[PDB]
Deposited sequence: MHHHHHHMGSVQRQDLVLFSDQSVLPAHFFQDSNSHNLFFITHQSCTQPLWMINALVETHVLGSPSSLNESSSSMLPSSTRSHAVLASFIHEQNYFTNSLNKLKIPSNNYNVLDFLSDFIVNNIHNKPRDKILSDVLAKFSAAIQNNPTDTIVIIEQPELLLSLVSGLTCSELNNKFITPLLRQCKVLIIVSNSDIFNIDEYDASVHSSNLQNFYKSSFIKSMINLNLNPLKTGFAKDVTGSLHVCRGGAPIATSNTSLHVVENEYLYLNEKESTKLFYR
């Protein structure tokens, strides 16, 4: 019944060699609709990197590691993740949360040029990564919100001045975005919300793997589906056999616990 989460052909979720190879940069792109939110996937990834496996999903002793996670959100405050991760017993010294909800508009936006806004955000990331450069994952939730919060910001400026530099500084970057804009009935996201839609397309193109959560189109037994798919870019890896193991899982999330299983 219950399945383990597997992303890659070596049976791993977050390959340790993604952090030992060097000059390598890999982007995971996770998309979800707003009725199938990703908190449990975010936690599981942090769990994987820090504790060593996605135990909340697959199934343990005190352990110690250098492995570190930088967590950023444009829609959730710091307490949200701090509480979530405490409940999973992730050691607070193995992660850092960057809050781009709290006071963000009143500080970082109001009366301030686009370029300076983006440069300041990036600087917060750089400071965070600077400590543990090669054993750190970076997770960033809803950066596309900047396209709405910042007057006249184009997708290409967001990528050129923030996303791409960020990725160039990371072993592994995980972008988490809300795909509601593609799911309005009678409305063509391509034509009319092109600035916003470009972000999802370009993110996909740069990623080596795409995880997407959606409600089913066709039970109380099931929250939705998780698809695991190749992204548009090759995996940056010495291991020439490493590939994405594409998959579809159904999952049920309830009472703060999640179970993956097959159709």
**Study point:** Ranges missing from the model, given as deposited sequence positions
**Key:** 1-11, 71-74, 234-235
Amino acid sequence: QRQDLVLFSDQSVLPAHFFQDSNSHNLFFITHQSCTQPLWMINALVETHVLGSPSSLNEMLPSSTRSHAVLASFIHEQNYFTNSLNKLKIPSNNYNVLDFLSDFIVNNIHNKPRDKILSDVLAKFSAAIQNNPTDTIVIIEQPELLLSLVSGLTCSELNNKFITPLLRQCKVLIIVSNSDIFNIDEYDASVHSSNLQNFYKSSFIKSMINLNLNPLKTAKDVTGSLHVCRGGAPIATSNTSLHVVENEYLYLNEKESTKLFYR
From here on, numbers count along this sequence of modelled residues.
Check your understanding: Higher mean Cα B-factor in the deposited model: 87-95 or 129-137?
Key -> 129-137
Check your understanding: Comparing 112-120 with 174-182, which has the greater mean CA B-factor as deposited?
Key -> 112-120
Check your understanding: In this PDB entry, which of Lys217, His32, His68, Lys201 has the top CA B-factor?
Key -> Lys217
**Study point:** Residue with highest C-alpha B-factor in the PDB entry, from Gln78, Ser148, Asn107, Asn159
**Key:** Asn107
Exercise for review: Just say lowest, middle or highest third for the CA B-factor of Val191 relative to the other modelled residues in its chain.
Suggested key: highest
Study note, to complete from the structure: Here the Cα B-factor of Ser207, set against its chain, lands in the third termed lowest
Point to revise | Among modelled residues of the same chain, the CA temperature factor third for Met60 | key: highest
Exercise for review: Could you tell me which third, lowest, middle or highest, the C-alpha B-factor of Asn26 occupies within its chain?
Suggested key: lowest
Practice item. Sort the modelled residues of this chain by their C-alpha B factor and say whether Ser225 lands in the lowest, middle or highest third. Key: middle
